[PDB]
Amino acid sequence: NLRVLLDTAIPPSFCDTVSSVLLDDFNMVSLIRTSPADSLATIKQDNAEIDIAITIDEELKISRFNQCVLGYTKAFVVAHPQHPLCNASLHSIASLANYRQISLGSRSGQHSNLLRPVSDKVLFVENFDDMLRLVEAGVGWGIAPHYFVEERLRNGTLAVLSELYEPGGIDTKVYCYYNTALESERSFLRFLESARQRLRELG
């Protein structure tokens, strides 16, 4: 029955919050994980027959789907704690566009404004694990969700650069793309209401 796709930028908590709720109302629920760079591409494939996507990625008006927002979540631009650009911010926060960035690659090779890399050179990868191996290494810098990075962060293995750009990490909305058929379906509305109401915390 209900197939829902969850990108990797979504905290793995925001995912049990969901799944608990949908089983009340639904009797078969499949959960698919996906690069954020591939989320929206995927739901456009009709055969893939997704009914709900949870992503950070944005695009206005899609084919058969509607959009709304569930919450907010944070990402950081990170590097090795002696990457040149470490320390020395504001000026160097503009020089990111010169340094090598480790970006999430997409299947379609295409990117949204939101996820397109800011610099060159870019070195593409499949997911945030590969990304951090590399910035820990540390060739390049990257933007990764909080949940990934906070482990290493307090451990001093990685440092943040995002801070003078946006203190507190880069606030980023979490969207919900849902097949229009679910608009005003007593059950979907419960999921929305309940997912949101919960997803204040973590925050």
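We number the residues from 1 along the sequence you see.
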Margin query: Can you tell me whether 147-155 has a higher mean C-alpha B factor than 36-44 in this record, or the other way round?
Written below: 147-155
Next item on the list: Name the higher of the two by mean Cα B-factor in the PDB entry, 193-201 versus 3-11.
Entry: 193-201
Check: Highest Cα B-factor in the PDB entry belongs to which of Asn27, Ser162, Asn66, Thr55?
Finding: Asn27
Next item on the list: For the C-alpha B-factor as written in the entry, point me to the maximum among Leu90, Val125, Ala75, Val118.
Entry: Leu90
Notebook entry, point to check: Within this chain, which third does the Cα B-factor at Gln110 fall in: lowest, middle or highest?
Noted result: highest
Checklist line | Entry-reported Cα temperature factor of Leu70, expressed as the chain third it lands in | finding: lowest
Next item on the list: Sort the modelled residues of this chain by their C-alpha B factor and say whether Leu60 lands in the lowest, middle or highest third.
Entry: highest
Check: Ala137: which third of its chain by C-alpha temperature factor?
Finding: middle
